[PDB]
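Peer 1: okay, here's the opening piece of the assembly, coordinates as they are in the complex:
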Amino acid sequence: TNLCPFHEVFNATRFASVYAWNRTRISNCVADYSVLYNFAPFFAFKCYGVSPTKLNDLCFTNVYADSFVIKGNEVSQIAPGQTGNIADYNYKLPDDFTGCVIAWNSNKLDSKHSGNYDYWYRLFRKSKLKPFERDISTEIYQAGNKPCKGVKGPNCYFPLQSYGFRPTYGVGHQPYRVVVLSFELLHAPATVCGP
């Protein structure tokens, strides 16, 4: 009702890498999800848990948001219960998460001429990322019998790789701004409820 984050979380200038998403806890607010249609012609609005028809009249305790910048082929990978290279090493969603997923294309801003190197995505990781888990500190991956000794070389590589972004890539490799909205239930007097 008074500058709710549902718009000020989309119009941010600089976003974060896929492995350091800026989670935001949404405080007391009214859940007008039909005004988001006035922010850009979204590319993806399909969302699971609850059908969009019933979302007009609903109420929950607290809502959390996450922000990324991702490619095009990996937009379908953010769906719950999927396997891949980014959906299991950087951001995993719970199987029965009752939230909604929104992603829109941003190539006229996120991609500069002569390449833009400000985003990253991890590739090497020993274990498997459990649902809703984060890790930012990097360590030289050990892929050999010889210890890494804190340096690279044989069998010791660097996990993070810069997302190559150019203004001439095909639709597949265009940067796509992604925001994930999930609903939480508690045993307290609820705060956010739709009108």
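Peer 2: Everything's here; your move. Residues are numbered from 1 along each chain as shown, chains lettered A, B, ... in the order given.

Peer 1: Test my guess that residue A:174 contacts residue A:69.
Peer 2: No - the pair residue A:174 / residue A:69 is not scored as a contact, 10.9 Å apart, by CB atoms under 8 Å. Just so you know, the C-beta spots here come from the backbone N, C-alpha and C atoms, and that holds for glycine as well.

Peer 1: neighbour count winner among those two?
Peer 2: Comparing residue A:174 with residue A:69 by neighbour count (other CB atoms under 10 Å), the higher total belongs to residue A:69, at 22 against 18.

Peer 1: Bridging across strands, which residues link to the more buried one?
Peer 2: residue A:177 (DSSP bridges).

Peer 1: Would you mind giving the secondary structure of the residue lying farthest from the centre of chain A?
Peer 2: What lies farthest from the middle of chain A is residue A:146; by CA atoms, centre = their mean that is 35.7 Å. Here residue A:146 is coil, with the state taken from DSSP: H, G, I helix; E, B strand; the rest coil.

Peer 1: Distance check, it against residue A:155.
Peer 2: Counting by CB to CB, to the nearest Å, the gap from residue A:146 to residue A:155 is 7 Å.

Peer 1: Repeat that for residue A:85.
Peer 2: Applying CB to CB, the value for residue A:85 to residue A:155 is 20 Å.

Peer 1: Could you pull up the residues touching the spatially most central residue of chain A?
Peer 2: Centroid-nearest residue in chain A, with CA atoms, centre = their mean: residue A:68, separated by 4.0 Å. Residues near residue A:68 by CB atoms under 8 Å, 6 or more residues apart in numbering: A:15-18, A:21, A:91, A:177-180.

Peer 1: so what's residue A:172 up against?
Peer 2: Here residue A:172 is in contact with A:71-73 (CB under 8 Å, 6+ apart).

Peer 1: what about the helices in chain A?
Peer 2: For chain A, the helices defined by DSSP state H occupy A:5-8.

Peer 1: re the thing from before, give me every residue that touches the residue farthest from the centre of chain A.
Peer 2: Applying CB under 8 Å, 6+ apart to residue A:146 gives the contacts A:154-155.

Peer 1: then add chain B to what we have above:
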Amino acid sequence: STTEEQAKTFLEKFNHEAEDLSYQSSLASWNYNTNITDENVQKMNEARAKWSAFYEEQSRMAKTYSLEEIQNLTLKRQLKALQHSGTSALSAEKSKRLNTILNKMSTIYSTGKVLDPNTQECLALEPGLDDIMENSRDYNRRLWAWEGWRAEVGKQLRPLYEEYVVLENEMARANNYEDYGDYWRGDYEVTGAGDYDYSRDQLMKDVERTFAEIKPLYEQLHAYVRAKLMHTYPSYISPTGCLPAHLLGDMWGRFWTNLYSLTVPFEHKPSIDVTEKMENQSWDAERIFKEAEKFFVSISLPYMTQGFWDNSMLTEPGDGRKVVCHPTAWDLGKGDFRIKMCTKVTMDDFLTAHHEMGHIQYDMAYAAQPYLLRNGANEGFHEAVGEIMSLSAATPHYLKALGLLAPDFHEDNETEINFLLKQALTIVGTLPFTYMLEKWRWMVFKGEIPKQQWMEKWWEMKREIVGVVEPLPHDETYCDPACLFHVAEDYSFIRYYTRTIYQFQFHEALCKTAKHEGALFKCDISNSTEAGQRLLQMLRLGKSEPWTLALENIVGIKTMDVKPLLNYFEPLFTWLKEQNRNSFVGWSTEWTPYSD
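Peer 2: Chain B now in position relative to the chains above:
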């Protein structure tokens, strides 16, 4: 301490880190071939230097991982290409001299002139001398005008090529090979698969068996051409015998298209020439390939991305830039697909556009495969796949459907005979010369013949199966095969031989599913969505799986045959047999023209 996850992670890092260095290296070449000047060549070389070193240093670390412990087949298939090195195997001297020799051969082929006429007429090899060869009608003129290339450039290039043979014989054997022929033939070997195994020694037998079933058609065409040339040029070319080396249009005899004017089946009638129907009815350059995209959509194939109509150059520069344009279709990398071509309103540009769009769609088909497998199944698939659809788009049924031909038009027998012979003059005129050249190259790389008899055997055993005679002898002082550009620059020649067979099998296999009843030389593939799906099944396969599996997927027969090729030219053979009733087919190699 895993033994295969190490290879998997190394390959993953290579795949994920070799794309940035390659896309921006290819973009530099693209910008070079759009405005040639001082800065553009500098940028192209600067971007290529950043990738040459990376590729030379990644192989040294990929070689450590063994090819025996690895088990997953798609891992060994990728690792085998990177394990294999190149010229970075010989010592310092044998490479710093080999590179110099290669550059010298390129330079000495580039530079060349002759002075037959008055001193002021020092016509270079191109384009005036090529034009006068492909247009004149004489004997002394051609002889005394092109005795120069085989007696000056050949003399220039004898010793360097003689040294090159022995310098590169001891280059393949470093990489576990018998001779350079094995290295050349290794592009087709696939092992480690049950029931799909094709050794190098099998390809020789396959080629020698394939060439045996095309001899009757070539003999009949040779007899027809000789009979016509006796009439055209009098007092020369004995009625029974072999053709002279010159006088056949092109110098090296690769193509026979320039003799179409000399040998026409039925005169006083016009062939199909859809160039005024495109002129009176206004038709610009954009629609020329817009309608081709429409056809590709009609065969049920994906559209063309928007990243193609904004930046790709498709017409004359028209803005002061200097560029040499030849029809190509680049694949820049991550999602980019561009075509550069100078377009003019004729059939040639239309068919060329069809070819380039077909093979760029082939390139786009396997975009999901990793970087090391973003290629055709073998080196001959791209050209054949592109040419299939150019051939299919040349039919009068498709031309009539598009509206370019008069509705009230009936295809006469004479016109279809002329069309068949026009295709034959260019298709079957290269097969026995290509096989000749490749056989001589292989047999001289294996060292079967001594180095003291290099041209004598060449001429003697070319007069047998090509049946082309040469005026005046050459006593090991004239390096004759050096005149070709492919031989001088060390380019493969087998691809041209197998491309025709592959495309002619593909055409029949594709048009059998399209459910066309009738002749094969007027068959058309349009509005055939199921046939398009059948073709896309092969196109999307990529190089992950061995090319013979792709052959079985698209056709169903492992080996390659000429019966599909002979099906196309059956009416031509039937007509030519009736035409030749008082002539003697054969090229008995007894007579010679150098009898003074």
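
Peer 1: ok chain B is loaded, check the contacts of residue A:172 again?
Peer 2: Residues near residue A:172 by CB atoms under 8 Å, 6 or more residues apart in numbering or on different chains: A:71-73, B:334-335, B:367.

Peer 1: Next: residue B:580.
Peer 2: Contacts of residue B:580 by CB under 8 Å, 6+ apart are B:220, B:223-224, B:227.

Peer 1: With residue B:190 instead?
Peer 2: B:196-198, B:546-548.

Peer 1: Now for residue 187, how many residues are close by?
Peer 2: In the absence of a named chain, this looks at chain A. Number of residues near residue A:187 (other CB atoms under 10 Å in any protein chain shown) recorded here: 5.

Peer 1: right idea, wrong chain: chain B
Peer 2: 15.

Peer 1: Run through the residues that contact the closest residue in space to it that isn't next to it in sequence.
Peer 2: Closest residue to residue B:187 apart from its sequence neighbours, by CB to CB, 6 or more residues apart in numbering or on different chains: residue B:379 at 5.8 Å. Applying CB under 8 Å, 6+ apart to residue B:379 gives the contacts B:187, B:492, B:495.

Peer 1: how much space between residue B:379 and residue B:492?
Peer 2: Distance, residue B:379 to residue B:492, by CB to CB: 7 Å.

Peer 1: For those two, list the residues in contact with both.
Peer 2: residue B:187.

Peer 1: that older thread, out of the contacts of residue B:190, flag the one nearest to residue B:383.
Peer 2: Residue B:383 has its nearest neighbour among these in residue B:547, at 14.4 Å by CB to CB.

Peer 1: what about residue B:462, how many neighbours?
Peer 2: 24.

Peer 1: Could you do residue A:65 as well?
Peer 2: As a burial measure, residue A:65 scores 20 neighbours (other CB under 10 Å).

Peer 1: give the contact list for the residue nearest to it when sequence neighbours are not counted.
Peer 2: Distances taken as CB to CB, 6+ apart put residue A:24 closest to residue A:65, at 4.8 Å, once the chain neighbours are dropped. Residues near residue A:24 by CB under 8 Å, 6+ apart: A:5, A:9, A:64-65.

Peer 1: looking at those, which has the most residues close by?
Peer 2: The contacts of residue A:24, ranked by neighbours (other CB under 10 Å): first place residue A:65, 20 neighbours.
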